[PDB]
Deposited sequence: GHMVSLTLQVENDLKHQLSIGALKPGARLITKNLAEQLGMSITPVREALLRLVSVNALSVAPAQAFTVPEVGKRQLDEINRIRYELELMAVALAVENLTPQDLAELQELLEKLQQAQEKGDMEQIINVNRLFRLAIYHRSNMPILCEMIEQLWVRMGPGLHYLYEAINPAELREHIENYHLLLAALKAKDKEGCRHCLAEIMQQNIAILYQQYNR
């Protein structure tokens, strides 16, 4: 029915927040679940070797580079289009999320850090009124998603204190309706976050 599509959405989400380790084996009603996993294989959100079990993809440096290069263009496009549509209520909700992010970093909750970051940025991009652009960005997040698992393994959230500052600057740039400033702030955010991710190589 429409259950299998929902199972797929749930797995895409787990992949996106780095909840699944690269190379890990996923153990599969079971029928629509298996159907969702095979559909995810077909878009390379998951891997399978012939006649064997589903696995979380391995994302090498070259592939992460390619993904970052593409989303760089798309996410900066989204933020530039969102600037002109953000309402006072939008900005207030973004400030709230930024406070949630600070809490997560202070609590040392890496799960919440990743999740709040996701919602903060997606909340911005959605306000661009470009739903297809946002679809494309989420697809890329799913592909680089297994690359985020490293955060849980090696990264101490205490060393992420200064990283929240670029978020305040982005929100300030959004509040000031400064389009080019938003692009610079978002590029800075992506750059610093990717630098953390590259340590796994």
{"item": "Ranges of the deposited sequence (numbered from 1) for which no C-alpha atom is modelled", "value": "1-3, 32-40, 214-215"}
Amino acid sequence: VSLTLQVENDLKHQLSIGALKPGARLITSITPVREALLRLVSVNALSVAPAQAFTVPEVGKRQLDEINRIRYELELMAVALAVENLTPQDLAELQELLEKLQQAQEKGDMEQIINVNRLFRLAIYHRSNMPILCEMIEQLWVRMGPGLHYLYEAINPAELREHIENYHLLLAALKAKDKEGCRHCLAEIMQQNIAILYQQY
From here on, numbers count along this sequence of modelled residues.
| query | finding |
| --- | --- |
| Average Cα temperature factor in the PDB entry - higher stretch of 159-167, 141-149 | 159-167 |
| Given 34-42 and 130-138, the range whose Cα B-factors average higher in the PDB entry | 34-42 |
| Candidate set 110, 74, 91, 123 [ranked by C-alpha B-factor, highest] | 110 |
| Criterion, highest CA B-factor; candidates, 173, 56, 27, 51 | 27 |
| Residue 78 - Cα temperature factor, lowest/middle/highest third of chain | lowest |
| Assigned third (lowest, middle, highest) for the C-alpha B factor of residue 186 | lowest |
| Chain-relative CA temperature factor third for residue 179 | lowest |
